[PDB]
Amino acid sequence: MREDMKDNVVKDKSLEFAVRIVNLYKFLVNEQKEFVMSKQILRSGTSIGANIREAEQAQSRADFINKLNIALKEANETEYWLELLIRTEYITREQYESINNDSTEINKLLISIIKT
Amino acid sequence: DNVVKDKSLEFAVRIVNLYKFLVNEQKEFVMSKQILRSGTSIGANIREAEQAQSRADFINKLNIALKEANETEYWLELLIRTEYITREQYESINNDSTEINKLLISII
Amino acid sequence: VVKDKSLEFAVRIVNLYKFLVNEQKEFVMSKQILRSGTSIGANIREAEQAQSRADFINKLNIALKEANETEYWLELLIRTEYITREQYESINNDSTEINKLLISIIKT
Amino acid sequence: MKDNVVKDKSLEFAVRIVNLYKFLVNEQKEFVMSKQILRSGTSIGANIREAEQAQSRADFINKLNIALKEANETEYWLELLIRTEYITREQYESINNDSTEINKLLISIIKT
Amino acid sequence: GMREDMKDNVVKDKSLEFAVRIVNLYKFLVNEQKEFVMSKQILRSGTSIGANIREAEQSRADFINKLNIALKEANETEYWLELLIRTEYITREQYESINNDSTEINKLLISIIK
Ligand SMILES: [Ca+2]
Ligand SMILES: [Ca+2]
Ligand SMILES: [Ca+2]
Ligand SMILES: [Cl-]
Ligand SMILES: [Cl-]
């Protein structure tokens, strides 16, 4: 993808992802009656976009990169919770692959920006 | 200082009213609770700032208020993208949030 | 004196929490005030066990901070009709009594 | 022997606290003070365990001080529970006796 | 011992596997033993360990802080295991197996931190 766009695209992807994470939370709580892992991943999964939003408001490029690094942290924690959820049969392989692929797409873009 | 005190409490009230709409009418229970916390915590941190015993503490709490404001703005973006609120609701609340941000930044 | 008042106050906050959750279906501000309101007495107890005057005063200042936070939530709760004016004034009078007694210990 | 004694006593007290939690939730339908004392009451032993695994003296004393804080917090919730009549005077004295026994052991060790 | 530079890689892997075991212990406790208190607590502490280890992947200070949180949660988990064996909700076999896995994580974290 065009290098200039990477930040604008990762913002939009993170908002779409937050919405998917909200839906996953509802699924886990309402259908699977799972209250512990669900709360953890609701937080980490929606915090990716929140930190990207802080990054966009940075007063320095330093602060920008740092906020993106916190977004990356949150993406990685979310990936941990997703892996735990598939291994313990709270989500199907289809659910896992779909959501995890969106997560890892965000990882890739954040790393590019950070490393760019 | 008095002004952002009043405005942040008034803003907390509006967030509660938005929360009531979301739970009672839209039957939305996840994002509503998130914005309820972040949006009412802005005034909580401002009040803590008012009572601070040092300048660093004062600025530190006002910075936390600004972080809660940005979180609140984030949840509002998600609520309009997902069509749980109207553009009118979004603009009205965001106008009030912007006013508080400007005040905090001026003070900080 | 303030010790006993803070324990009685913690009981009122526990019962307010139960009212907010079970009757008003409110889970977020209720959680905040449960914490702040019961933390007052917990910190006053910690104060009594402090090994220095500085640590004694620090713990009482934290209790005072928690009292102030409590009062913010109470104000928001009456403004948003989760509690009556009568409930607010009763509970707030008790909370602010604790501010006064703490300040007298710390500063006089 | 205070080290081994406070370990044993804190584990027994933790079990008492789990049983108090069950009583409060199942019989008394009390979900708020119960949750708080479950945390504090079991945190005493948890912190004693961390103290035992401490790599330094500062870490050791820190963790025992946290245990003592958690013992004092447990006694605070116990006071709230007797005040609201969720436990009897006898129940209160019995559980409080065990908590204060731990307080004294912890202080003794910290002051060594 | 293993190479120092592999301890972080291994503790990451082991903590995920351990979180899986803890979830399975939770399911056993609630479904088979009808135990609802310690099970919920250990679920939280035991799954949190690997989450904090993942976070440490993203300052030396902050790195050490996160790993110390993971270590605290490992110890909390090990305390709940102690309570579970003391109260006879798990066998000595289950206790030793799960505890050994948990304490292998403690050892790796301590070494990485020091
Ligand atoms: Ca761009
Ligand atoms: Ca306006
Ligand atoms: Ca490595
Ligand atoms: Cl919902
Ligand atoms: Cl049970």
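None of the figures in this text is laboratory data; all of them are computed from the coordinates on show. In this analysis, Cβ positions are derived from the backbone assuming ideal geometry, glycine residues included, and neighbour counts consider all displayed protein chains.
What the table below lists for this structure:
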quantity	calculated
Scope segment A:73-85; condition buried (at least 23 other Cβ atoms within 10 Å of the Cβ) and among the charged types (D, E, K, R); matching residues	A:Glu74, A:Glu77
Residues (under 21 Å from B:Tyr74 (Cβ atoms), more than 10 Å from the chain's Cα centre (by Cα) and β-branched (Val, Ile, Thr)) located in segment B:17-61	B:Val23, B:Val30, B:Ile46
Where E:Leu108 falls short, out of the listed (1) assigned to a helix (DSSP H, G or I); (2) within 13 Å of another protein chain (Cβ to nearest Cβ); (3) in contact with a helix residue (DSSP H, G or I) (Cβ under 6 Å, 6 or more places away or on another chain)	(2)
Selected residue (criterion: farthest from ligand 3 (Cβ to nearest atom)) from residues of segment B:73-92 that are more than 10 Å from every other protein chain (Cβ to nearest Cβ) and closer than 20 Å to A:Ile52 by Cα	B:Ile80
Condition met for B:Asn95 (away from ligand 1 (no atom under 16 Å from the Cβ), over 27 Å from C:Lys65 (Cβ atoms) and not charged (D, E, K, R))	yes
All positions within segment A:55-69 that are surrounded by fewer than 20 Cβ atoms within 10 Å (Cβ to Cβ) and of a type outside the set (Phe, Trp, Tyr)	A:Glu56, A:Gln57, A:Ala58, A:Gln59, A:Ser60, A:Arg61, A:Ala62, A:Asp63, A:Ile65, A:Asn66, A:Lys67, A:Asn69
Options A:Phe27, A:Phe17: the member that is within 16 Å of ligand 4 (Cβ to nearest atom), closer than 29 Å to E:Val20 by Cα and among the hydrophobic types (A, V, I, L, M, F, W, C)	A:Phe27
Given (1) closer than 20 Å to D:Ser10 by Cβ; (2) surrounded by 14 or more Cβ atoms within 10 Å (Cβ to Cβ), index of the condition E:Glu88 fails	(2)
Test for C:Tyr17: is it hydroxyl-bearing (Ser, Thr, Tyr) and under 26 Å from B:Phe29 (Cβ atoms)	yes
Residue match in segment B:2-9 (condition: within 16 Å of ligand 2 (Cβ to nearest atom), under 20 Å from C:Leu74 (Cβ atoms) and within 9 Å of chain C (Cβ to nearest Cβ))	yes
Selection status of C:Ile103, farther than 25 Å from D:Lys104 by Cα, hydrophobic (A, V, I, L, M, F, W, C) and either touching a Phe, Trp or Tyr at 6+ places or on another chain (Cβ under 6 Å) or assigned to a loop (DSSP other than H, G, I, E, B) (or both)	no
Filter pass, E:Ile69 being out of contact with any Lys or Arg (no Cβ under 6 Å at 6 or more places or on another chain), among the hydrophobic types (A, V, I, L, M, F, W, C) and assigned to a helix (DSSP H, G or I)	yes
Qualifying residue in segment B:50-58 (condition: in a helix (DSSP H, G or I) and either within 16 Å of ligand 1 (Cβ to nearest atom) or under 21 Å from A:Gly45 (Cα atoms) (or both))	no
Number of positions in segment E:1-44 that are away from ligand 5 (no atom under 16 Å from the Cβ), in a helix (DSSP H, G or I) and surrounded by fewer than 21 Cβ atoms within 10 Å (Cβ to Cβ)	15
Residue tally, condition under 18 Å from C:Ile33 (Cα atoms) and out of contact with any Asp or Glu (no Cβ under 7 Å at 6 or more places or on another chain), over segment C:87-107	10
Single residue of segment E:16-27 satisfying the filter (in contact with a helix residue (DSSP H, G or I) (Cβ under 8 Å, 6 or more places away or on another chain) and facing chain A (nearest Cβ under 9 Å)) that is nearest to ligand 1 (Cβ to nearest atom)	E:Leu16
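Every residue, every condition in (1) under 20 Å from E:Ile53 (Cβ atoms); (2) crowded, with 22+ Cβ neighbours inside 10 Å, yes or no:
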position: A:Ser47; (1), (2): yes, yes
position: A:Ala71; (1), (2): yes, yes
position: A:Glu94; (1), (2): no, no
position: A:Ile99; (1), (2): no, yes
